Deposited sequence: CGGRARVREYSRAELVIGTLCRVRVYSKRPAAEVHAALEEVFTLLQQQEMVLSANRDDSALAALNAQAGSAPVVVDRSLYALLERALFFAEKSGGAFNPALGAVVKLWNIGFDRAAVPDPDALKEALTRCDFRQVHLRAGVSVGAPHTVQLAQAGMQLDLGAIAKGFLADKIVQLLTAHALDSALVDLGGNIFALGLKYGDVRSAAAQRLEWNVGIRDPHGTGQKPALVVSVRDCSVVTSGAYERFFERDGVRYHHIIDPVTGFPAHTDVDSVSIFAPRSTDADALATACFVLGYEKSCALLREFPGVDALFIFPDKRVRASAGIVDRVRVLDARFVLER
């Protein structure tokens, strides 16, 4: 049995999703697995999307301030984890920010900042402590979500790719695959080891925050790890000389003003890395380091505006600088 390398990529969940696999299984078995990967991504776009009218999440949002809504166990577990990170981060990650983000999302499409009062009114409808998850303990009891606060809107944009990465890994493993690189719009899971037969860690790139994005600034060797990066220049609009990026500080209702240009989180679960990367970007370096003390199994890499890079002890030895303008502090 020979090792063969496969890759498939599609536009789905609003971005480029690619999976690369090394396997000695019959090719028809890899092909079936990859068919299922991209079917899952299509199906889940219709569960999770905050910017289609026809998703499960949109239907849930169209019921805020009313009665509990039944959701599948998958979505329920995602919401549970999201509310967990909202609590732990002190609301720096907030999965009930849709009132605010939708005010800004229209701002992107036409390069205009929301509106003082409107933005203030929106911030009153983002209390994630008013999302009530309940699931009976009897056989086959349904999972339900209640949005108690009128006009509150869920938006799982900052955790859904992680969730989907984790679900893809689980599917790959179900297909007896154990070597893959999953890349959902830059949200990476490195499953197993790659082949060089010599087995080697995956070398995950971290971009220059201000790059044209073509090339990484740094590379980190990892196994069985998600790598998720949040940054200040990944998605933004400009108006009157001011850049407005997509990661909102829930306290201000404006794009977060922070002391880091990017934060990359390394975790066994991509769900966690995705939430935490967004939380840490909002929180800034010192407060991030205190939060991450809560999560001893996670590592982190910060790129500062002066191009210094600090990485936690679990990963610093695995970092290689490719763009010599950056400096890795040790």
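Residues 1 to 4, 201 to 206 of the deposited sequence, counted from 1, carry no C-alpha coordinates in the model.
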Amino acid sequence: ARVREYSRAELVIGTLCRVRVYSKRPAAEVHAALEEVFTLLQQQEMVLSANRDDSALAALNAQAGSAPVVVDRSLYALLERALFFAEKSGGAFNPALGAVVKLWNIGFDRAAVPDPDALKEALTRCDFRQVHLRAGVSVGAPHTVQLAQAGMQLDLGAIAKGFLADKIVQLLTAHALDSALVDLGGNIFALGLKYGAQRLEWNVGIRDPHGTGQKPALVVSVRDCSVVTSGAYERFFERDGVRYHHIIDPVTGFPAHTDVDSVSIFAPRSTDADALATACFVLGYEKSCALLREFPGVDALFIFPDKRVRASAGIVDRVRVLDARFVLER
From here on, numbers count along this sequence of modelled residues.
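Once the C-alpha B-factors are averaged per stretch, 64 to 72 and 286 to 294 rank with 64 to 72 first.
The deposited model assigns a higher average Cα B-factor to 51 to 59 than to the other stretch when 51 to 59 and 22 to 30 are compared. If you compare the C-alpha temperature factors of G205, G162, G98, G211 in the entry, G211 comes out highest.
Comparing the C-alpha B-factors of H245, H175, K167, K215 in the entry, the top value falls on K215. Per the PDB record, residue ranking by Cα B-factor puts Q149 in the highest third of the chain. The deposited CA B-factor of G185 belongs to the middle third of values across its chain. The deposited CA B-factor of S230 belongs to the middle third of values across its chain. Looking at the C-alpha B-factors along this chain, the one for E80 belongs to the middle third. Sorting the modelled residues of the chain by their CA temperature factor places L191 in the lowest third.
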